[PDB]
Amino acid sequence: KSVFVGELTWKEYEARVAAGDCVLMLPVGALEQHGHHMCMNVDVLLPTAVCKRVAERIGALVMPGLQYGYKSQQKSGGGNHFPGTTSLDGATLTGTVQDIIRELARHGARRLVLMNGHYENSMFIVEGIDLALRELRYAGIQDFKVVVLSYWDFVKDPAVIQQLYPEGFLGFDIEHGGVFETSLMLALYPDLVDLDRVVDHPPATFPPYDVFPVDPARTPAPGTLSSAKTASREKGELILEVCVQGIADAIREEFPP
């Protein structure tokens, strides 16, 4: 009926897990400012959309996504001084991932794909996985396998990059509310993007270090780390296809039928 676990009855879910090779996917996002031109739930919407499409291709199921993520960092997300951005402490995010894995194992599930959509989440997701696997080991369970990834890492083909950045690629480091996400949003949730509001400032540049308390003067006023002026639905559809295809293939490789 649906690839979303939340829309299934427990009997339907139980039956899918009973199959023996059931793959579950968990989107991990954040509520974070994304400039003057885009909504703040982008980091949840994108990995969730990708999960949905991948799940439909490989016959997987998608768990409710984590709506709040780790604190936004200046050099990757603009900084946690912006209003709207609502961040969790590291222990909180870590504990959430850990609890979910513990429960999935209780269900009998043994295959999980954690799809991150918020850069800063990475290491806390990692600690959550480790702490959960540690407990499972104490419970005599060592066959639970986890694949963790950030969907954008699948866009590495030079050909695609050239098509996405005709004037050259500066790296994902400045991709917060920039061309990459804005394009994907234009292809998935266009009504949540107001391109005319984009502030066309030069790419953010930082020295090889970080400063705390976060200094607002060091992040472009709009919150974006690069201009999304050249973003488009076409680019978004290209990104989506590349991500969906590459991830579906990776999951097939790691969790063969």
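Counting begins at 1, following the sequence as shown.
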Q.
Highest mean C-alpha temperature factor of the two stretches 121-129 and 183-191, which is it?
A. 183-191
(Q) If you take the mean CA temperature factor per stretch, which one wins between 21-29 and 230-238? (A) 230-238
(Q) Among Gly84, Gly108, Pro158, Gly78, where is the Cα B factor highest in this entry? (A) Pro158
Q. Taking the Cα B-factors listed in the entry, which of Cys39, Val199, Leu45, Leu61 comes out highest?
A. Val199
(Q) Taking only the Cα B-factors deposited for this chain, tell me whether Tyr151 sits in the lowest, middle or highest third. (A) middle
Q: Would you check the entry's CA temperature factor for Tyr209 and let me know if it's in the chain's lowest, middle or highest third?
A: middle
Q. Going by what the PDB entry lists, where does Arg53 fall on CA B-factor within its chain: lowest, middle or highest third?
A. middle
Q.
Ranking every modelled residue in this chain by its Cα temperature factor as given in the entry, which third contains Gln73?
A. lowest
Q: Going by the recorded CA B-factors, say which third of the chain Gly95 sits in, lowest, middle or highest.
A: lowest
